[PDB]
Amino acid sequence: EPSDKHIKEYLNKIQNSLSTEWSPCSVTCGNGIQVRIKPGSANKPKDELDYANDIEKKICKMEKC
Amino acid sequence: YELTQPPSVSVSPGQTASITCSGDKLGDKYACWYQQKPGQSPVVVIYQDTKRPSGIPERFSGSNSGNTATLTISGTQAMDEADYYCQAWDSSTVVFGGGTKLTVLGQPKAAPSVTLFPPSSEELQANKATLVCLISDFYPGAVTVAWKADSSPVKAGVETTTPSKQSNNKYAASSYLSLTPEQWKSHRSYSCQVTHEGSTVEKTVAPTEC
Amino acid sequence: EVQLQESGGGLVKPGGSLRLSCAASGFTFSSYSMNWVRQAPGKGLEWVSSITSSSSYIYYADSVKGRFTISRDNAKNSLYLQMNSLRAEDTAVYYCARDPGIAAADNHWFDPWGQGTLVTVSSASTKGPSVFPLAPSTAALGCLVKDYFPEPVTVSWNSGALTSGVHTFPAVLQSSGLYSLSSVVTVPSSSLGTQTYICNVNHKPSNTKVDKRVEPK
């Protein structure tokens, strides 16, 4: 269960690719996270986004260990 | 939401200054730090808890966890003296800490340079007269200014600033004595006397001199 | 060069209204959230208001709610702050500030800041300065800037062509409630006959500029 602060750290890390498309997995081995902008928020400019309203997260499990 | 900082942190040159910023579950938020020198606009030195903008000296670092964001200045130099403000974000409201004044102690002592100007001819012909005593490049930043008419302490017409930091981290101050042209022309002299660390620098001007 | 320049400050009567503007350049103004921040003299920074790129989301500090209105004109690369029902405690330098953060991560900071514009809420009247030369005896010469209100006064030398050796002293508040300051420049004594020295004293609150020539004797 990754904390919201750690999820926000990944959002900042991939700030250049953050979109409504699921991000790459945060790790290449083990349990990581994937993040995206909600499809229903696709038409909001970047500065009008909000973590609690507009961001989705899901767990990913990579096997390249 | 409220952010709290110590009002004052002091450090010796080359030592580490630790400036804290505190708030309820601050570690779950992003913190940033602004530097403000006297008479200038704030400048961000740390953002996103730990990130340092290009151009900011490498000796500034930051962290944020728990209930404390920490600005760390390693090997502090005199030029790092400033007020430091932390800032966070809570439900679209931007919150600033109250600010920490960073003092670098143990800097070299410096006696004040004192320049005393007589009343200008233009001001005298306007039936006014001001003696202007400009005090600069002293450290530490505490002086007491007294004026003499010939050799009598002046008890009226004196206005003196609080010392303020210069760009070289020494201090500046100014003192003004208002008098009449007839007082200026009729006394043998007037003196501005600046006492710094128990020693005094006196400058004198006279109407019968140029 | 990313730049923000505020204008519109000055003296305003209690209960009066004033509109500040902030002109932006060097970045795509229309895509950034913009903020106003203020700082009372000798006090700390206090956030005032924010507006997103499209003006769709606006927020105010509780201390200004119902009295101030933030707005923007993207076509003019301009940010505005309409200030109504002003009180003595609104006296402050007002700063324009860009937010280049990552809103999706709740990650907000201000960079850059404008130079600020001073708003003085007072019942007193403006007074422009009386400027006198401080003739030299390297030599020191300067200008005495006497009896003005309110702050601030700026002083340049030779229209900004002379910057080295310039020391403009912080103003003294006087018993009359008026301010006075001095600016001095240290110059080579040999130039005292050849080089023209002029202090340019600007007191925007009274719409007064004085260019005082400072000659020997």
Side-chain angles (χ1 to χ4, degrees), chain A residues 47, chain B residues 40-42 92-94 96, chain C residues 2-4 6-41 43-99 110-128 148-154 179 202-209:
Chain A
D47 75 318
Chain B
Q40 299 173 25
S41 307
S92 297
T93 297
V94 170
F96 285 94
Chain C
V2 180
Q3 196 158 4
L4 306 170
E6 302 93 334
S7 61
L11 183 65
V12 56
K13 300 275 189 186
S17 295
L18 196 73
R19 184 179 181 100
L20 308 182
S21 52
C22 167
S25 56
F27 66 101
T28 67
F29 177 80
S30 52
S31 67
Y32 284 84
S33 294
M34 297 295 304
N35 286 252
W36 289 101
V37 180
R38 70 180 180 183
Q39 180 176 33
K43 309 300 182 54
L45 304 168
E46 182 190 25
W47 174 74
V48 173
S49 181
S50 66
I51 186 169
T52 58
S53 55
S54 71
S55 307
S56 289
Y57 303 98
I58 287 170
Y59 303 98
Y60 298 97
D62 284 332
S63 55
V64 307
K65 278 190 177 181
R67 298 183 306 121
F68 290 10
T69 302
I70 191 175
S71 64
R72 63 194 292 160
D73 188 333
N74 287 345
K76 293 188 180 179
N77 297 290
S78 300
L79 176 74
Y80 306 103
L81 184 68
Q82 174 70 31
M83 298 178 303
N84 296 326
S85 312
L86 281 162
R87 331 161 176 158
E89 46 266 33
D90 301 308
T91 295
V93 177
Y94 283 75
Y95 290 105
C96 189
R98 181 187 74 162
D99 176 359
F110 295 156
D111 189 45
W113 300 57
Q115 92 284 350
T117 182
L118 180 54
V119 172
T120 304
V121 185
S122 168
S123 282
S125 63
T126 80
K127 182 186 181 302
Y148 63 94
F149 183 86
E151 293 265 53
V153 156
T154 63
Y179 295 87
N202 194 11
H203 184 237
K204 292 184 179 181
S206 67
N207 289 338
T208 307
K209 277 194 57 176

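Here is how names work: the chains are called A, B, and so on, in the same order as the sequence lines, proteins then strands, and each is numbered from 1. Computation of the quantities below employed the complete heavy-atom set of this structure, encompassing side-chain atoms and omitting hydrogens, waters and symmetry-equivalent molecules.
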- Sub-3.5 Å donor-acceptor pair from the side chain of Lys127(C) to the main-chain atoms of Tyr148(C), do we have one?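 Answer holds: no.
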
- Item | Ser41(B) side chain to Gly114(C) backbone, donor-acceptor under 3.5 Å |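 Answer holds: yes.
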
Within-4.5 Å side-chain heavy-atom neighbours: [X] and [Y]:
X         : Y         : result
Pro42(B)  : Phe110(C) : no
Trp36(C)  : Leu79(C)  : yes
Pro150(C) : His203(C) : yes
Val48(C)  : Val37(C)  : no
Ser71(C)  : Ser55(C)  : no
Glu6(C)   : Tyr94(C)  : no

How long is the span from the [atom1] atom in [X] to the [atom2] atom in [Y], to the nearest 0.5 Å?
X        : Y         : atom1 : atom2 : result
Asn77(C) : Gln3(C)   : CG    : CD    : 13.0 Å
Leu18(C) : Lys13(C)  : CG    : NZ    : 14.0 Å
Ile58(C) : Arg72(C)  : CD1   : CZ    : 9.5 Å
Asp99(C) : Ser50(C)  : CG    : OG    : 8.5 Å
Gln40(B) : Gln115(C) : CD    : CD    : 13.0 Å
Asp90(C) : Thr120(C) : CG    : OG1   : 11.5 Å

Considering all heavy atoms, the nearest [X]-[Y] contact:
X         : Y         : answer
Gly26(C)  : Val2(C)   : O-CG2, 3.6 Å
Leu4(C)   : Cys22(C)  : CB-SG, 3.9 Å
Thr126(C) : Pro205(C) : CG2-O, 3.7 Å
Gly128(C) : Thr208(C) : CA-OG1, 4.2 Å
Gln82(C)  : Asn84(C)  : NE2-OD1, 2.9 Å
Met34(C)  : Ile70(C)  : O-CD1, 4.1 Å

- Item | Stepwise side-chain contact (heavy atoms from CB on, under 4.5 Å) test for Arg67(C) and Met83(C) | CA-CA 6 Å; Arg67(C) 298 183 306 121; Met83(C) 298 178 303; over 6 Å; no

- Run the side chain to side chain donor-acceptor pair (under 3.5 Å) check on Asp47(A) and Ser33(C) step by step: do they pass? CA-CA 6 Å; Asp47(A) 75 318; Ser33(C) 294; 2.7 Å; yes

Name all residues meeting the salt bridge (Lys or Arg N to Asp or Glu O under 4.0 Å) criterion together with [X]; count only those two or more places apart in sequence or in a different chain, and write none if there are none.
X        : result
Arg19(C) : none
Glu46(C) : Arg38(C)
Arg98(C) : none

With sequence neighbours left out, write down each residue that passes side-chain hydrogen bond (donor to acceptor under 3.5 Å, both in side chains) with [X], or none if nothing qualifies.
X         : result
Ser56(C)  : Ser54(C)
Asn35(C)  : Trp47(C)
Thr154(C) : none
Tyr60(C)  : none

- Query: Among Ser125(C), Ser122(C), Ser206(C), whose side-chain contact (heavy atoms from CB on, under 4.5 Å) with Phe149(C) holds?
  - Reply: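 Running side-chain contact (heavy atoms from CB on, under 4.5 Å) over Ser125(C), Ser122(C), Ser206(C) with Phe149(C) returns exactly one hit, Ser122(C).
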
- Message: Once ring-ring contact (aromatic ring centres under 6.0 Å, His included) is applied, do any residues pair with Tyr32(C), and if so which ones, sequence neighbours excluded?
- Response: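 With sequence neighbours excluded, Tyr32(C) shows a ring-ring contact (aromatic ring centres under 6.0 Å, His included) to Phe27(C), given in chain and number order.
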
Considering residues at least two apart in sequence or located in another chain, which fulfil the side-chain contact (heavy atoms from CB on, under 4.5 Å) criterion with [X]?
X         : result
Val12(C)  : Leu86(C), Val119(C), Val121(C)
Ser30(C)  : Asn74(C)
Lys76(C)  : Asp73(C), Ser78(C), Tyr80(C)
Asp111(C) : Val44(B), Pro100(C), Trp109(C)

